[PDB]
Protein chains: 2
Amino acid sequence: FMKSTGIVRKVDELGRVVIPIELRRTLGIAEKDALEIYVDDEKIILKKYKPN
Amino acid sequence: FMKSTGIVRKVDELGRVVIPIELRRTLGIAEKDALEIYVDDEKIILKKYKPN
């Protein structure tokens, strides 16, 4: 099976979610960087964005 | 089996991402609701939160 952090956050007015700082560092993501958003099985997959 | 939406958003100061309103409605998510966050393969999986 796959292990997940299992951490939940409250949805703000715009419907946005925050990545834990531990994942900000491990994912190599910083302010002004670009994120790409995926949709599968009613779940959202977010990953670093590679320009095309 | 399914293709992702392929939509990208800019990261704000806190490192947060926004779900498209089309997904807010399909996912049944609203302000003050709880989201659970997963981590796998360097990708983040967010889904509705159903506490035990």
# chains A, B, ... in the order shown; residues from 1 in each chain; ligands from 1
>>> closest_atom_pairs(of="chain B", to="chain A", cutoff="6 Å", atoms="only C-alpha atoms", output="CSV")
residue,atom,partner,partner_atom,distance
B:4,CA,A:38,CA,4.6
B:5,CA,A:38,CA,5.5
B:6,CA,A:38,CA,5.8
B:7,CA,A:37,CA,5.4
B:8,CA,A:36,CA,4.1
B:9,CA,A:35,CA,5.6
B:10,CA,A:34,CA,4.9
B:11,CA,A:31,CA,5.2
B:12,CA,A:31,CA,5.5
B:13,CA,A:31,CA,5.1
B:16,CA,A:18,CA,4.2
B:17,CA,A:16,CA,5.7
B:18,CA,A:16,CA,4.2
B:19,CA,A:16,CA,6.0
B:31,CA,A:11,CA,5.1
B:32,CA,A:11,CA,5.2
B:33,CA,A:11,CA,5.6
B:34,CA,A:10,CA,4.9
B:35,CA,A:8,CA,5.2
B:36,CA,A:8,CA,4.0
B:37,CA,A:7,CA,5.3
B:38,CA,A:4,CA,4.6
B:39,CA,A:4,CA,5.0
B:43,CA,A:47,CA,5.1
B:44,CA,A:46,CA,5.3
B:45,CA,A:45,CA,4.9
B:46,CA,A:44,CA,5.3
B:47,CA,A:43,CA,5.2
>>> select_by_dssp(residues="chain B", states="strand (DSSP E or B)", output="NGL selection string")
:B and (7-10 or 16-18 or 34-40 or 43-48)
>>> write_last_selection(atoms="N, CA and C atoms", output="compact mmCIF listing (two decimals), in the first residue's frame")
# COMPACT_ATOMS: atom_id res chain seq x y z
N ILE B 7 -3.89 22.12 -15.88
CA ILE B 7 -4.01 23.58 -15.61
C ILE B 7 -2.99 24.01 -14.56
N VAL B 8 -2.32 25.10 -14.78
CA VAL B 8 -1.23 25.50 -13.84
C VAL B 8 -1.56 26.84 -13.17
N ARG B 9 -1.19 26.98 -11.92
CA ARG B 9 -1.43 28.27 -11.20
C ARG B 9 -0.13 28.76 -10.56
N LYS B 10 -0.03 30.03 -10.27
CA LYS B 10 1.22 30.55 -9.65
C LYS B 10 1.22 30.31 -8.14
N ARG B 16 0.70 28.06 -1.52
CA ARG B 16 -0.65 27.43 -1.54
C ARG B 16 -1.17 27.34 -2.98
N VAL B 17 -2.03 26.41 -3.25
CA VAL B 17 -2.57 26.27 -4.63
C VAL B 17 -4.10 26.34 -4.61
N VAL B 18 -4.70 26.76 -5.68
CA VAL B 18 -6.18 26.93 -5.68
C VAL B 18 -6.85 25.89 -6.58
N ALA B 34 -13.35 20.37 5.48
CA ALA B 34 -11.99 19.85 5.80
C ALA B 34 -11.40 19.10 4.61
N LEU B 35 -10.18 19.40 4.26
CA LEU B 35 -9.49 18.65 3.17
C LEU B 35 -8.40 17.76 3.77
N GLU B 36 -8.22 16.57 3.26
CA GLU B 36 -7.07 15.75 3.72
C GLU B 36 -5.98 15.72 2.64
N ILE B 37 -4.75 15.82 3.04
CA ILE B 37 -3.65 15.93 2.05
C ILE B 37 -2.77 14.68 2.08
N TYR B 38 -2.46 14.16 0.92
CA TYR B 38 -1.64 12.92 0.83
C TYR B 38 -0.30 13.22 0.16
N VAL B 39 0.69 12.40 0.37
CA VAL B 39 1.97 12.57 -0.38
C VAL B 39 2.41 11.24 -1.00
N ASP B 40 2.57 11.21 -2.30
CA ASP B 40 3.07 9.98 -2.96
C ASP B 40 3.91 10.34 -4.19
N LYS B 43 4.36 13.66 -5.59
CA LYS B 43 3.14 14.40 -6.00
C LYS B 43 2.16 14.49 -4.83
N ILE B 44 1.39 15.54 -4.76
CA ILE B 44 0.45 15.70 -3.62
C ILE B 44 -0.96 15.26 -4.03
N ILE B 45 -1.58 14.42 -3.25
CA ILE B 45 -2.98 14.00 -3.56
C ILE B 45 -3.95 14.61 -2.54
N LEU B 46 -4.83 15.46 -2.97
CA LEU B 46 -5.80 16.08 -2.02
C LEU B 46 -7.20 15.50 -2.26
N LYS B 47 -7.87 15.12 -1.21
CA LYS B 47 -9.24 14.55 -1.37
C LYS B 47 -10.14 15.00 -0.21
N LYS B 48 -11.42 14.81 -0.33
CA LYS B 48 -12.33 15.18 0.79
C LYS B 48 -11.89 14.48 2.07
>>> calpha_fit_rmsd(fixed="chain B", moving="chain A")
0.7 Å
>>> select_by_dssp(residues="chain B", states="alpha helix (DSSP H)", output="PyMOL selection string")
chain B and resi 21-26
